[PDB]
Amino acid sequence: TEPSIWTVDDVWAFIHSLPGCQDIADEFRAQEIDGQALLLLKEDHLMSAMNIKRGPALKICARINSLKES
């Protein structure tokens, strides 16, 4: 349940639950992004570094901020 111990499969389901983020979810899994790597992600990482369109990148970034409970 705690995101810090989430696995790559867990993070996949997380991103795949987001609207229109079901394709990047696979790219999140392909790059072996577990719960730790997910929390290490910065806003710049998403777009320019991970080749992700701003739309999905915004929603993913926002959902991550929700896990950290603001």
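Start at 1 and count along the sequence shown; that's the residue number.
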| query | According to the deposited model, is the average Cα temperature factor higher in 42 to 50 or in 55 to 63? | reply | 42 to 50
| query | By its CA B factor, does residue 15 count among the lowest, middle or highest third of the modelled residues in the chain? | reply | lowest
| said: Lowest, middle or highest third: which one holds residue 4 when the chain's residues are ordered by CA B-factor from the entry? | reply: middle
| task | Check where residue 25 lands among this chain's C-alpha B-factors and tell me if it's the lowest, middle or highest third. | result | lowest
